[PDB]
Amino acid sequence: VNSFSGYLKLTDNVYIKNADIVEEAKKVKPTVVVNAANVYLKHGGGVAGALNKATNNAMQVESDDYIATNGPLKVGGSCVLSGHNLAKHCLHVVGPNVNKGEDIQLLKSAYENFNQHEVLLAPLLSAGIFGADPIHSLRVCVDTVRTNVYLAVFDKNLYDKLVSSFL
Ligand SMILES: C[C@H](O)[C@@H](C)Nc1ncnc2[nH]ccc12
Ligand SMILES: [Cl-]
């Protein structure tokens, strides 16, 4: 039993809700919140911009030190950093950004990072400003993630289409 509330159960281990991931994380304070990161951990917009703003830029400060030490992530890769005031940990995961020409096949590799964590609060990878089809992202999530994932979908209109179209 966990403290996630109001989710629709899609499969044994995948759950979905219309919610602002920022407000969800503050309410739940989960062990792991997933950020929709880019390889530079520059949290300028989308989910990343919103998560960072909620930390008063502390996420960005930590991230800049991480990059200065380690260099950029790989597309499809991840790193674990602090969750700041939002969660215990933030799993920064880089899905492909279609508006950059990046191979959508890397979306499965990106979701594989979730399997290293028993429970996660997450957005749909590569959705929004990363340019991928969210219906595809949800399908890859369900077919790749085996751990318990709580998907937060900001847009109410988008949420209803994913549910009604879910196979
Ligand atoms: C599919 C996209 O990733 C879209 C659903 N992004 C988001 N999801 C949840 N919470 C959010 N807060 C700000 C952006 C955002
Ligand atoms: Cl977005």
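Residues numbered from 1 in each chain as written, not as in the entry; some residues may be left out. Chains lettered and ligands numbered in written order. Heavy atoms only, no water.

This entry lists X-ray crystallography as its structure determination method and reports a resolution of 0.9900 Å.

Looking at the PDB entry, the protein carries the name Non-structural protein 3, with the source organism given as Severe acute respiratory syndrome coronavirus 2. What the PDB entry is called, per its title line, is "PanDDA analysis group deposition -- Crystal structure of SARS-CoV-2 NSP3 macrodomain in complex with AVI-0005158".

A. Representation of the overall build of the protein within the structure. Of regular secondary structure, the protein possesses six helices and seven strands. If you list the helices and strands of the protein from N to C, you get β-β-α-β-α-α-β-β-α-β-α-β-α. By the compact-globule yardstick of 15 Å for 167 residues, the protein fits well, its C-alpha radius of gyration being 14 Å. Across its three principal axes, the protein shows a C-alpha extent of roughly 45 × 35 × 30 Å. Split into buried and exposed, the 167 residues of the protein put 51% on the buried side. (Helix = DSSP H or I, 4+ residues; strand = E, 2+ residues; numbered from the N terminus. Rg over C-alpha atoms; globule rule 2.2 N^0.38 Å. Buried < 20%, exposed > 50% of the residue type's maximum accessible area, 1.4 Å probe, protein only.)

B. How the structure looks around the site of ligand 1. By nearness alone, every residue bordering ligand 1 is listed as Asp-20, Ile-21, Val-47, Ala-50, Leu-124, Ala-127, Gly-128, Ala-152 and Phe-154. The side chain of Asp-20 places a nitrogen or oxygen atom 3.4 Å from a nitrogen atom of ligand 1. With respect to ligand 1, the backbone of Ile-21 contributes an N or O atom lying 3.2 Å from a nitrogen atom. Among the residues forming the shell around ligand 1, the class breakdown is seven nonpolar, one polar and one charged. (Near = heavy atom within 4 Å. Polar contact = N/O pair within 3.5 Å; in protein donor to acceptor, adjacent residues only side chain to side chain. Nonpolar A, V, L, I, M, F, W, Y, C, P; charged D, E, K, R; others polar.)

C. Broad picture of the packing of aromatic side chains. Applying the stated criterion across every chain, the model contains five aromatic pairs. The interplanar angle of 15° and the centroid separation of 4.9 Å between the aromatic rings of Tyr-15 and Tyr-150 together place this pair among those described as stacked. Pair noted here: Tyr-15 is in strand β2 (residues 14-18) and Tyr-150 is in strand β7 (residues 148-153), with a separation of 135 residues, a long-range link. With a relative accessible area of 7%, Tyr-150 lands in the buried category. (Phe/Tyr/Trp six-rings, centres within 6.5 Å; stacked < 30°, edge-to-face > 60°.)

D. Structural context of helix α3 (residues 58-70). For α3, with 13 residues, the first-to-last C-alpha span of 18 Å sits near the 18 Å given by 1.5 Å per residue. By the burial criterion, the buried members of α3 are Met-59, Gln-60, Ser-63, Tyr-66 and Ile-67. The buried side chains of α3 occupy one side of the element, clustering within an arc of 120° when seen end-on. Of the exposed residues in α3, those oriented more than 90 degrees away from the buried face are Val-61, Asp-65, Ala-68 and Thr-69. Looking at the buried side of α3, the elements it contacts are β3 (32-36), α2 (46-54), β4 (78-82) and β5 (89-93). Looking one or two places after α3, you find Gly-71, whose phi comes out positive at around 80°. (Expected span 1.5 Å × (residues − 1). Arc of directions from axis to C-beta. Contact = heavy atoms within 4.5 Å.)

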